[PDB]
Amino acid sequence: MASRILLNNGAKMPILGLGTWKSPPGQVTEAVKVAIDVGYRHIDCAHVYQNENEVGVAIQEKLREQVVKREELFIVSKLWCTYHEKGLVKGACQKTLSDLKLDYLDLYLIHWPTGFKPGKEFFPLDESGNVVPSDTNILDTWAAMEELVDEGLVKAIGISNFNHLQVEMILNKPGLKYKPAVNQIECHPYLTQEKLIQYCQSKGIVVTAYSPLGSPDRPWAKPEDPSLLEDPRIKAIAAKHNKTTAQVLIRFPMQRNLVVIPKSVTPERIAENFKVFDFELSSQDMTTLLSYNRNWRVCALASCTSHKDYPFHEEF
């Protein structure tokens, strides 16, 4: 298992990164410092997570301490839905760069294909509770992302939560200048994503798997919900390999040629989650894990199902 995957912009991306959604601002600086200390070189960020300033404090301190060089880090962030307008993309990127203490991002993603009305609220609502859309389409937002490459603000651009028809729309864009490098999507044994992964990989787009542990801290979790970390069948595979269930859940996407971004703010777990380069799941293990698919989504963007660009009506 090599530690990095080659992107279609010619750069290499570490296959293991640290997630930061829901990482409290008072804990994420230490989480990122610990992660870098124990070997992580890829941090997954977003403006909507409201903690990029604190992530940036950690990155800057580890650069200042010379624990790592900037060229050895792979920092990812995402353009929020209220910034899909052509005239807002650069400023949104610049705010993220300022907060992260960086002069470029390694990868900048369109967070969702759905654009929302600009303004202070991340989910602008009408009086009846529907999200208010923007009329800016996927393709004009993509052109604005391409400009960020040409201005030196980002080394690579990509997409997140795009279904295969939406990926295809980008790939078929008239005058396309840079292909998406990555599509970041939810993926784990209960949402195995075979069809969308095969499509993206066949086009040279690298897939990053989010919520690989099933996001047990997601705010809308219900007690009755499925639990990957507590699935006895997955625990059994872990026991056979003398690893933890989380380690199996992280190694699984790695062996599908995916990048994976488990989140933790717990120092012991941050270190545990990185110790996944010392064992191999068999093909039988992999097929068995794939068999657990239930089409179960942590992140359905449930308030936006009527948006014209809502991604999850299509089969994939």
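Note that residue numbering begins at 1 and tracks the sequence as displayed.
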If you take the mean CA temperature factor per stretch, which one wins between 101-109 and 131-139?
131-139
Test of understanding: from the entry's C-alpha B-factors, which stretch has the higher mean, 293-301 or 15-23?
293-301
Among the choices 236, 93, 81, 191, identify the one whose CA B-factor in the record is greatest.
236
Highest Cα B-factor in the PDB entry belongs to which of 86, 117, 155, 179?
86
Position of residue 159 among the chain's modelled residues by C-alpha B-factor, lowest, middle or highest third:
lowest
Chain-relative C-alpha B factor for residue 124 (record values, thirds): the middle
What third of its chain's C-alpha B-factors does residue 70 belong to: lowest, middle or highest?
middle
Looking at the temperature factor on the CA atom of residue 275, which third of the chain's modelled residues does it land in?
highest
Split the chain's modelled residues into thirds by Cα B-factor; residue 151 lands in the middle
